[PDB]
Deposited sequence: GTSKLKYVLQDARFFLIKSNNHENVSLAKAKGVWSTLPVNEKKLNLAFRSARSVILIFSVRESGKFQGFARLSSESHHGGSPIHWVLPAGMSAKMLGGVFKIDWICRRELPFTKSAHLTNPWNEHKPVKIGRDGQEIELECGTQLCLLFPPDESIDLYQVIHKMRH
């Protein structure tokens, strides 16, 4: 009822994740892992040791929707990802363990009022993979997601 969620998002860092396919997100939602290119891998690692929470907000390219958001529980570490054109297991080699906070979709149409000061105040749906979102903008975007009844926040809060 927002109280638990607001405590989790308190002093958090927010990053957009863009996936080239639906299957890797379905995979990530089940096993609680994610991997990204080394550029974004470094940033999330720096962000993990620095912030009380690091939140990843997912969107499949060309879906028109966010598919959910998750909190890193570990920095990356060295998963049968569906590798897109340009494949290299090693490129996506580091595996972040993530705890999902919401696995339900949020259409871009519901976040049209929210813009990101850290991306030239462009609408928050706009950004490349790894685009960091300013605290309040990312907090509001997370609050727009519907409650996920499959999710129990106890293990996230317990790890904090």
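Gaps between the deposited sequence and the modelled structure occur at positions 79-82, 165-166.
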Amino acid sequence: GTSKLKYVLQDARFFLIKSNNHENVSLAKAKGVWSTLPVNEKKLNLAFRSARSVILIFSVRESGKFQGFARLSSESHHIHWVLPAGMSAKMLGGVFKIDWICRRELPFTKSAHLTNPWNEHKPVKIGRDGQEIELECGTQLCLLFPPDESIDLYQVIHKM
From here on, numbers count along this sequence of modelled residues.
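For clarity, a rigid core is taken as the largest C-alpha set superposing within 1.5 Å between two forms.
Rigid core superposition in 8 other deposited structures of this protein puts the Cα atoms of one stretch, out of 37-45 and 64-72, farther from the shown form on average, and that stretch is 37-45. For the pair 3-11 and 149-157, greater average C-alpha departure from the shown form in 8 other deposited structures of this protein after core alignment is found in 149-157.
On average the C-alpha atoms of 91-99 have higher B-factors than those of the other stretch, with 116-124 and 91-99 being the two compared. Note on 22-30 vs 39-47: mean CA B-factor is higher in 39-47. When the modelled residues of the chain are ordered by C-alpha B-factor, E149 sits in the middle third.
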